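Colleague: First, the structure itself, so that you have it in front of you.
Number of protein chains: 2
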Amino acid sequence: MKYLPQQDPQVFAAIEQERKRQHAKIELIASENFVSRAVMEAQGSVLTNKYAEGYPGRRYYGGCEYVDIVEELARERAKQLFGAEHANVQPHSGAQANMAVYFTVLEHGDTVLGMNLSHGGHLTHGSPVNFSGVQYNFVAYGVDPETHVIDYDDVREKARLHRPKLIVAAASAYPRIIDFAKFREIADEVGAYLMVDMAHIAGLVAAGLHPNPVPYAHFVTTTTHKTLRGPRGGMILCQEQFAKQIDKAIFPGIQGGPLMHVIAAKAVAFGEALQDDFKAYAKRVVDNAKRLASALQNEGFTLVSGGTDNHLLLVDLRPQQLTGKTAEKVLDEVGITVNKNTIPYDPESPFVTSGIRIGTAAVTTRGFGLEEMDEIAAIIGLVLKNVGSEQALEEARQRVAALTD
Amino acid sequence: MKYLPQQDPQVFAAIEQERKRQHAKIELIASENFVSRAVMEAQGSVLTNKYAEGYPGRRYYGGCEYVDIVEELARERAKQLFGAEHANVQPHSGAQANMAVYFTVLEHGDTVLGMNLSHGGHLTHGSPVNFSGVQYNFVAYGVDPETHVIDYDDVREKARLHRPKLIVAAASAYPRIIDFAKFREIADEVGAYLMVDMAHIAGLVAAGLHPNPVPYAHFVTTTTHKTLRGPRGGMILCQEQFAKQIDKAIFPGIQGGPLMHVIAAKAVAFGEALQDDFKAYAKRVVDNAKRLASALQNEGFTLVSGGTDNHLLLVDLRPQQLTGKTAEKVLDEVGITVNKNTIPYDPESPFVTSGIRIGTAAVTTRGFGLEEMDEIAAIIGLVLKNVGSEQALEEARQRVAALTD
Ligand SMILES: Cc1ncc(COP(=O)(O)O)c(CNCC(=O)O)c1O
Ligand SMILES: Cc1ncc(COP(=O)(O)O)c(CNCC(=O)O)c1O
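Residue numbers (PDB author numbering), protein chains in the order written: chain A, 1 to 405; chain A', 1 to 405. A prime marks a further copy of an entry chain.
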């Protein structure tokens with residue numbers, strides 16, 4: 001940086017602390033990643049200065065000729081990546097992508113069927129303190145009590161009973177592949193639209209490591225910043241028949257001017273995802289998650305669903321008589337970042353929980369491989385099995401430091 | 001830039017075209033400005049990699065110690081700038097800032113009183129194709145047919161008749177000072193909350209050139225990117241009594257993870273606004289707008305309300321028998337960017353209009369002064385009075401080029 005250090009010493013010092021923090025810790029928050037320098041340069045561009053309400057070639061402001069090229073590059077690269085008939089790259093976030101789809105097909109008070117929030121569903125999938133739960137009537141389907149895999153018979157029974165206008169599939173903490181074909185079969189049975197929120201697994205979908213929801217869902221929402229490794233923001237994919245309605249839901253519906261600099265960064269991230277090395281990266285993400293899962297099971301940990309098919313895993317800490325809150329706090333003391341997370345049928349509240357959620361997308365981006373996954377598991381074993389030992393915690397800190405340099 | 005040019009030639013070429021375009025044209029879109037290099041550096045930082053749902057010291061993710069400092073710097077600088085009891089610097093945009101306030105105090109279907117959209121009110125102030133108009137019952141107050149100044153007796157009559165739960169004051173195209181004291185007096189008469197959307201005039205408010213709505217309104221919303229000259233995004237200011245509710249409206253209410261890199265850029269822009277030179281800049285904005293207004297009147301143009309008290313002006317093109325659409329198109333041919341804009345009591349639809357909206361915040365930022373305002377007016381006079389003359393248009397292009405270098 002050059003102008004920030006002189007203009008704003010306070011902001012620059014905080015940013016520099018954060019940059020160093022990102023290098024020194026072992027980041028296992030399943031929804032995070034590290035973007036490239038090219039993506040950051042695109043978001044640090046002069047495109048923030050442009051008002052561009054409307055869409056390419058149909059704007060409400062003159063002078064959009066070059067930001068129109070950037071938005072089209074994002075839309076076309078997105079379509080090549082996922083094979084959707086239409087893309088909307090303006091959503092400011094995953095929450096706004098979901099909000100616009102709901103605004104498109106639902107009336108206030110309509111019934112929506114989504115994944116139980118304590119079994120893996122996201123906050124925007126019906127939480128009562130979120131707009132989704134306040135605006136609409138959400139009902140939930142759950143996972144089997146023993147396998148922790150979505151119970152498709154429960155999806156079907158709830159759909160037939162409650163007759164939702166929309167069914168939402170996908171999650172913030174589900175470690176197994178989701179069967180979009182079964183979701184669409186159920187939606188067709190009850191005449192409901194199907195929305196797939198692939199935010200967590202978009203990068204895996206793009207690399208062919210997770211079944212693509214596009215061919216099965218009427219609408220596909222996502223964030224661009226998790227496994228897709230892009231700038232922070234959202235995107236909506238949909239069939240051509242809902243294109244005009246989805247575009248109008250975003251604008252003039254729920255947003256105003258789009259973040260053109262962020263859309264440029266989205267295009268950049270999509271170009272990166274279209275390359276062969278991104279496909280190799282994604283395979284390493286899933287391979288690392290499987291390895292990490294196995295290594296944790298080797299340490300004596302119980303995993304929700306018995307392992308993982310994607311980038312994330314959930315540890316059920318009941319066997320160690322620990323809450324997720326306790327485990328997150330002690331791991332933070334040694335330099336490992338995880339988040340507490342409810343497990344299916346959790347006896348504890350969502351503010352305490354009986355689990356921790358872990359993902360490998362970020363450590364994979366920094367170059368960690370299978371041997372590092374074994375060591376991370378061994379460090380987590382040392383800490384969680386010896387929470388009252390300061391010597392074990394100090395050893396863990398030195399082992400974390402050895403991994404991050 | 002260094003990594004973008006090699007990684008993505010297509011995106012870099014489009015951005016570079018846009019950067020050069022910003023220099024070569026005379027930008028008079030009232031809602032635009034040019035941010036500093038320090039602000040862009042903050043948005044191009046590694047802070048995009050951090051999930052930070054929740055607020056400083058009360059996050060739902062560990063590792064937020066340094067992004068907490070950045071958010072607090074933004075909130076505290078905002079409070080010093082505007083004197084509000086509380087600030088929320090997470091809104092992704094002006095639309096999301098407004099959406100969260102509405103989510104805080106209104107139930108679906110509640111009555112809201114806002115400025116007539118064809119007299120200056122914004123799209124998020126009740127348009128029927130926007131969430132505001134779909135979710136709530138908007139009624140409107142207008143400006144006097146001759147003076148084009150808000151008719152406060154009409155505000156009061158509509159409030160007493162319709163008994164709104166909320167009254168919204170402020171606009172996207174009102175060239176005169178708004179009397180927040182009268183708005184609060186009316187709101188108190190009918191027991192309504194008062195919300196002031198100061199997006200367009202925030203920078204003028206911060207420099208003491210427009211009365212501050214903070215002491216009169218329960219809620220103040222704004223964008224950070226117009227006269228405030230910050231990154232693209234929103235902010236909510238409010239009294240301490242609504243602080244917890246407003247914070248919960250933003251999260252877990254209507255958004256998810258905030259854009260921490262953009263919040264860092266907001267803090268940077270707020271630090272710039274707290275400096276004496278920003279106060280001198282803002283005075284030049286208003287001085288330039290007055291000068292430009294007078295110079296246009298000297299060319300024979302009629303201005304809505306007869307001039308301006310702020311950064312923007314509206315030309316009523318009926319005397320020249322031109323629509324705003326026609327004037328915007330021909331000015332685009334010579335390198336001058338304006339937007340068509342309905343005028344009060346406009347006989348034409350909002351897609352054609354009888355006016356153009358012009359603002360001086362951007363040309364002031366690039367260093368234009370009073371002499372440049374006279375020349376811009378003289379160029380607009382030459383073009384609009386000679387729309388069928390290609391020689392007049394070519395002369396205008398050379399004069400525009402002389403101003404931008
Ligand atoms: C499945 C899923 N959907 C939407 C969001 C919201 O995105 P945002 O950009 O934060 O508004 C999320 C976010 N999850 C954060 C977390 O999982 O850590 C999500 O998972
Ligand atoms: C008064 C007023 N309020 C909210 C917005 C919305 O902001 P955004 O960041 O675009 O969601 C605006 C925007 N106006 C754009 C225009 O005036 O050109 C506004 O004016």
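C-beta atoms are modelled at their ideal positions from N, C-alpha and C, and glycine is treated no differently.
(1) Are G230 (chain A') and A269 (chain A') closer than 7 Å when you measure CB to CB?
(2) Kindly list, in the order they appear in chain A', the residues whose Cβ is closer than 8 Å to that of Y51 (chain A).
(3) Answer with buried or exposed for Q43 (chain A), where buried requires no fewer than 16 other C-beta atoms within 10 angstroms of its C-beta.
(4) Return the residues of the region 353 to 371 of chain A' that lie within a Cβ-Cβ distance of less than 7 Å from chain A, sorted by chain order.
(5) Tell me which residues of the region 205 to 236 of chain A' have at least one Cβ-Cβ distance to chain A shorter than 7 Å, keeping chain order.
(6) Please classify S172 (chain A') as buried or exposed, where buried requires at least 16 other C-beta atoms within 10 Å of its C-beta.
(7) Which residue from A':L331, A':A206, A':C238 and A':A265 puts its Cα closest to that of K279 (chain A')?
(8) Report the option in A':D287, A':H148 and A':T104 whose CA atom is closest to the CA atom of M195 (chain A').
(9) Who's in the neighbourhood of ligand 1, going by beta-carbon under 5 Å from any heavy atom, listed in chain order?
(10) Whole angstroms is fine: what's the gap from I358 (chain A')'s alpha carbon to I29 (chain A')'s?
(11) Taking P344 (chain A) as the reference, give the member of A:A14, A:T353 and A:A293 with the closest Cα.
(12) DSSP three-state call for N386 (chain A'): helix, strand or coil?
(13) In whole angstroms, give me the CA-to-CA distance for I236 (chain A) and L274 (chain A).
(14) Are there any heavy atoms of ligand 2 lying less than 6 Å away from the beta-carbon of residue 406 (chain A'), as far as the coordinates show?
(15) Counting only Cβ pairs nearer than 8 Å, list the residues of chain A' close to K25 (chain A).
(16) Of all the CB atoms in chain A, is at least one closer than 7 Å to the CB of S93 (chain A')?
(17) Is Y51 (chain A) near ligand 3, in the sense that its beta carbon is under 6 Å from a heavy atom of that ligand?
(18) Please list the terminal residues of the continuous beta strand (DSSP E) segment that includes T364 (chain A).
(19) Using a Cβ-Cβ cut-off of 8 Å (strictly less than) and excluding sequence neighbours within five positions of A362 (chain A'), which residues of its own chain qualify?
(20) If you draw a straight line from the alpha carbon of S389 (chain A') to that of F351 (chain A'), how long is it in whole angstroms?
(21) Express the C-alpha separation of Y136 (chain A) and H122 (chain A) in angstroms, rounding to a whole number.
(22) On the DSSP bridge assignment, give the partners of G114 (chain A) in chain order.
(23) For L296 (chain A'), which option in A':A402, A':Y55 and A':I356 has the closest C-alpha, if you only look at C-alpha atoms?
(24) Go ahead and label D8 (chain A') buried or exposed: buried means 16 or more other beta carbons lie within 10 angstroms of its beta carbon, across all protein chains shown.
(25) Tell me the start and end of each unbroken alpha helix (DSSP H) in the region 174 to 232 of chain A that is at least 4 residues and wholly inside, in chain order.
(26) For the alpha helix (DSSP H) containing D154 (chain A), name the first residue and the last one.
(27) Strictly under 7 Å for the Cβ-Cβ distance: is residue 406 (chain A) near chain A' by that measure?
(28) Would you say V139 (chain A') and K165 (chain A') are within 7 Å of each other, going by their C-beta atoms?
(29) Should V11 (chain A') be flagged as near chain A, meaning a C-beta pair shorter than 7 Å?
(30) Whose CA, out of A:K248, A:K340, A:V101 and A:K266, lies closest to the CA of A38 (chain A)?
(31) At what residue ranges does the region 248 to 322 of chain A contain a whole run of the alpha helix (DSSP H), taking only runs of 4 or more?
(32) Mind checking the region 253 to 269 of chain A against chain A' and listing, in chain order, the residues whose C-beta falls within less than 9 Å of any C-beta there?
(33) Taking the alpha helix (DSSP H) that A327 (chain A') falls in, what are its first and last residues?
(34) Name the two residues that bound the continuous alpha helix (DSSP H) containing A42 (chain A').
(35) Of all the CB atoms in chain A', is at least one closer than 7 Å to the CB of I69 (chain A)?
Modeller: Checking against the coordinates, here is how it stands:
(1) Yes, the Cβ-Cβ distance between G230 (chain A') and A269 (chain A') is below 7 Å.
(2) Against chain A', a Cβ distance below 8 Å from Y51 (chain A) picks out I29, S31 and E32.
(3) Classification of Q43 (chain A): buried, given that the 10 Å Cβ count is 16 or more.
(4) Against chain A - using a Cβ distance shorter than 7 Å - the region 353 to 371 of chain A' contributes no residues.
(5) Correct list: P231 and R232.
(6) Counting Cβ neighbours within 10 Å, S172 (chain A') comes out buried, since at least 16 surround it.
(7) If we check each option's Cα against that of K279 (chain A'), A':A206 comes out closest.
(8) Distance from the Cα of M195 (chain A') is smallest, within the candidate group A':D287, A':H148 and A':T104, for A':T104.
(9) Here the list is A:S31, A:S93, A:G94, A:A95, A:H122, A:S172, A:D197, A:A199, A:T223, A':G256 and A':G257.
(10) Each residue's alpha carbon lies about 6 Å from the other.
(11) Nearest to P344 (chain A) by C-alpha distance, out of A:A14, A:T353 and A:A293, is A:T353.
(12) The DSSP-derived three-state label of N386 (chain A') is coil.
(13) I236 (chain A) and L274 (chain A) have their C-alpha atoms spaced approximately 18 Å apart.
(14) The structure shown has nothing for residue 406 (chain A'), since chain A' only spans 1 to 405.
(15) Correct list: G63.
(16) With 7 Å as the cut-off, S93 (chain A') counts as an interface residue toward chain A.
(17) The model depicted lacks ligand 3 and carries ligand 1 and ligand 2 instead.
(18) Taken as a continuous stretch (DSSP letters only), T364 (chain A) belongs to no beta strand (DSSP E), being part of the alpha helix (DSSP H) at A361 to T365.
(19) Excluding positions up to five away in sequence, the list reads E27, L28, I29, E32, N33 and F34.
(20) Per the coordinates, the alpha-carbon of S389 (chain A') lies some 25 Å from the alpha-carbon of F351 (chain A').
(21) Rounded to whole angstroms, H122 (chain A) and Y136 (chain A) show a C-alpha spacing of 15 Å.
(22) When beta bridges are read from the DSSP output, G114 (chain A) appears opposite A:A140.
(23) The residue among A':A402, A':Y55 and A':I356 with its C-alpha nearest the C-alpha of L296 (chain A') is A':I356.
(24) The residue in question, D8 (chain A'), is buried, as its Cβ has 16 or more Cβ neighbours within 10 Å.
(25) Entirely contained in the region 174 to 232 of chain A, the alpha helix (DSSP H) runs reaching 4 residues are, in chain order, 180 to 190 and 202 to 206.
(26) It spans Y152 to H162 - the alpha helix (DSSP H) in which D154 (chain A) sits, taken as one unbroken run.
(27) For residue 406 (chain A) there is no data in the structure shown, the boundaries of chain A being 1 and 405.
(28) Against a cut-off of 7 Å, the Cβ pair of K165 (chain A') and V139 (chain A') comes out as no contact.
(29) With 7 Å as the cut-off, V11 (chain A') counts as an interface residue toward chain A.
(30) Selected option, being the one with the closest Cα: A:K266.
(31) With a minimum length of 4 residues, the continuous alpha helix (DSSP H) runs that stay inside the region 248 to 322 of chain A are 260 to 273 and 276 to 298.
(32) Result list: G253, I254, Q255, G256, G257, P258, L259, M260, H261, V262, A264, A265, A267 and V268.
(33) Element bounds for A327 (chain A'): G324 to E333.
(34) Segment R37 to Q43, the alpha helix (DSSP H) holding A42 (chain A').
(35) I69 (chain A) counts as touching chain A'.
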